[PDB]
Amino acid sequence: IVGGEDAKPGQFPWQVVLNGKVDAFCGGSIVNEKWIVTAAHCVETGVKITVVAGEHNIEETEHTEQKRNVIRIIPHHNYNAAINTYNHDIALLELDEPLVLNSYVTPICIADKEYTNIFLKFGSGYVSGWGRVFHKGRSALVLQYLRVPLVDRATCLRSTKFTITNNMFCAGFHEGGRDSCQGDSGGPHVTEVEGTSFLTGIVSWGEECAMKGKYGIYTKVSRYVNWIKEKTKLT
């Protein structure tokens, strides 16, 4: 996260970090005790991945961390149908052992297609992660977060020569300076509805970070809500 600030412990209890061949390489959010939702481009290959919930400072011990293994990975079925577009950039991770829910480990809410879109159109969401704090810079030790405004589709489109699909939205500031960045992918874009946060996006891609005239590109979760609820059912 560029131009954000330190979260407080438990401020984003749905946030998780992904560790693997690279440490702290992407984020994710808790769907329920057994399932994480993240970005598909974080979890290509069948490489072993670990999840840490209740994480705050990745170099220290807070005694709130819960580490789990990923036993199953379901990228969206249409991800990488078209090469290098990052359309459908969303994936689900099944944990080997259920998370124990507490003040530091809490699911994010997921509304239906209609209300997810309504909440997105509130025009203001929070994004968080342990990604780069400067472009081609250092990764964060303490969890960062940033409020980012929604950008209208027409402006979004003209901001980049790459394709923006209806499964994506733009968010960021017209003057730049504040943005998600490398390492933040899979992290939740959440909208707070009277004290209750709902998942409205996933950090996906961009062109550099925090540059003026450019915006962060996010997976539009409203389009995948039915898919998420179908795949993550607890029995």
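All residue numbers refer to positions in the sequence shown, first residue = 1.
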item	value
Segment of higher mean CA temperature factor, 87-95 or 138-146	138-146
Greater mean Cα temperature factor according to the PDB record, 43-51 or 200-208	43-51
Out of 128, 124, 106, 165, residue topping the C-alpha B-factor column of the entry	124
Chain thirds of CA B-factor: placement of residue 220	lowest
Residue 37 - which third its CA temperature factor falls in, relative to the rest of the chain	lowest
Lowest, middle or highest third - CA B-factor, residue 153	highest
Residue 189 by Cα B-factor - lowest, middle or highest third of the modelled chain	lowest
Third assignment of residue 58 from its chain's C-alpha B-factors	highest
